[PDB]
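The chain that follows stands alone, in the form deposited in one PDB entry, written as structure tokens.
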């Protein structure tokens, strides 16, 4: 996975992760060429300690291969250390949904939910627990394609009650988080529990309260969300079940 630095043309800064800035760029391999890529940079990889955990995040992504998860292209392991990722040209999902609120059809929103469910069913089949499903971690590759962002790049308001209370994390706790992510998508990138203190979230959940039906959301889809938010994790659908139900909701919408 090692790439020669001279095969990367560093371009405009697009975002920023924990370790440092993220740039867009061009990767020239004798196989494409001129491939658009994202370049993750690291502040102070002069420090050898932060380089090891920075590069460990690339290894994380190496194990996955799915159309709706961003792909690792390679790494440049000498200073400055770079991780080369697939570029999702349209950027962060939340911003995308906010700017395009009155331009995106419902069919598109449901499509994004469905695509994410395929990625998450894949992760569930790999026995991989994500722990951080939220619209903030989704990228837009095309107007008809979203992808789970880099897993390297507490979220109480997204978390299942058993995660908040007892730090239990399972694929069923991921399902709860995905329910919240679906709500965010159908709300056009509004965050859940606005104006609510983190410490107050579990009290609301335990009171039976739930995020309300988004304006214009099909009741079948809202019903699906509420199934993700069963208090008892064993009562929540698996991601493969969500995928199947989202397929039908999408097909019905495409129809009207």
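Positions refer to the first chain, counted from 1. Rigid core here is just the name for the largest C-alpha set that superposes within 1.5 Å across the two forms.
Keep in mind the form deposited in another entry is missing from the figure; the text below concerns it.
Core-based superposition between the shown form and the other one leaves all of 55, 190, 205, 230 but one with CA shifts under 2 Å; the exception is 55. Annotation: Cα of residue 31 displaced by at least 2 Å between the shown form and the other one, core superposition. Relative to the superposed rigid core, the position of the CA of residue 6 differs between the shown form and the other one by 2 Å or more. Core-superposed comparison between the shown form and the other one: the CA of residue 46 exceeds or equals a 2 Å shift.
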